[PDB]
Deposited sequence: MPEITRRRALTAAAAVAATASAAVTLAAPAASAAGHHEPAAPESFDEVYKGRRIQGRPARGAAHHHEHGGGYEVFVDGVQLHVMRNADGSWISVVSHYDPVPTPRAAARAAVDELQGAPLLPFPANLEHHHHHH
């Protein structure tokens, strides 16, 4: 069962997530994310720090980026 989709503005940036097995976008740019066996998630900008959900991963990315544009 894939997680639900989401869409919101976090720290002035638009983050979106949707089932594909799941895609995340930061200001329209896709963010590589992965699901762990235990159900937690990680993104390419925090690949050793599991967070509970895809939205948590997108928010972690925005946090890490500090305003910087994601590279495709």
For this session: Would you list the gaps, meaning deposited-sequence stretches without C-alpha coordinates, in the order they occur?
Result: 1-39, 60-70, 123-134
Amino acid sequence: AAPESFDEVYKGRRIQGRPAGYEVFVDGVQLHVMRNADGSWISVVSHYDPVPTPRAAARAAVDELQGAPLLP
From here on, numbers count along this sequence of modelled residues.
Exercise. Of 52-60 and 5-13, which one has the bigger average CA B-factor?
Worked result: 5-13
